[PDB]
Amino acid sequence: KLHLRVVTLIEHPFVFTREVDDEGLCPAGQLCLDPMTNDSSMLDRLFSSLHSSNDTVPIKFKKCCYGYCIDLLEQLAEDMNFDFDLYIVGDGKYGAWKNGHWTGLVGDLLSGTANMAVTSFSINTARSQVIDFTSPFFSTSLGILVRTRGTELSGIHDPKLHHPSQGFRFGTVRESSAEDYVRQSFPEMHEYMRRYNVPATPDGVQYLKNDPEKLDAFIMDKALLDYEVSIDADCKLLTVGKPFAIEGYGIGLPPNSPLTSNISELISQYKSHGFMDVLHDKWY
């Protein structure tokens, strides 16, 4: 039985977290750590302390993880007969090339801090040069979230984005695939957005949705924005414009991992036997 350490990132409805229950258990999900570290030795020590008969892990690090990607991970673990430790990425980022290294999930796979990454993780060309991805389990365009009766946009080529009016505020999630697409296709746009980008999806959604309104538009994976629109109780939000920058979501592994092809085979069996449809129905 193989023993993997899996890194994840909280992103609804793919991965959610909540506090652990009265007995320190997670009936509806998976026990995970949120330790704010990229140090493999620190993670070794914490998981060791978690599994032993004298668990001294700071309570604030213990969480229960659940969601579409957690259900997928549990099925994979059963079918491939591995067990796993699960932790949330310390910097909260998917990963970008910054200051001569990869951050986020990508950085943890390249440093050996994690054996596998499971979340709403986009397969793009830059990441594919340095880590392995499995076959995709989901596919999404990038999207543009605006308020109803607010900013109107045709898509990523709208002149309002390329020649912004004074006070026009739009941004994406820092160190995301979305930010890399803008950086590489529209460098001037990327520069303009820097002061408006946010650390994580919920922040952009809150900045656009709630008052006081801090963003006029928010660019991020459409699958994530559509989930937020679907739970909007007040006809306040919508996604606008033509599709752009479509990418799959895949599981991330170190380059040339022997596990990649076996996980890909199972993802293809799950797709072709309706399991992905069950997960979509459960979480969307």
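Note that residue numbering follows the sequence shown and begins at 1.
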Comparing 10-18 with 256-264, the higher average Cα temperature factor in the PDB entry belongs to 10-18
Comparing mean C-alpha B factor in the record for 153-161 and 97-105, the higher one is 97-105
Among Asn81, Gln129, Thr134, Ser176, the highest C-alpha B-factor in the PDB entry belongs to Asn81
Top Cα B-factor in this entry, restricted to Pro199, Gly171, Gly143, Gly112, sits on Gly112
Consider only the C-alpha atoms of the modelled residues in this chain, order them by B-factor as the entry records it, and name the third containing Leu238: lowest, middle or highest. middle
Can you tell me which third, lowest, middle or highest, the CA B-factor of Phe218 falls into for its chain? lowest
Could you say whether, by C-alpha temperature factor, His3 belongs to the lowest, middle or highest third of its chain? highest
Going by what the PDB entry lists, where does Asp226 fall on CA B-factor within its chain: lowest, middle or highest third? middle
Going by the entry, which third of its chain does the Cα temperature factor of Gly67 land in? middle
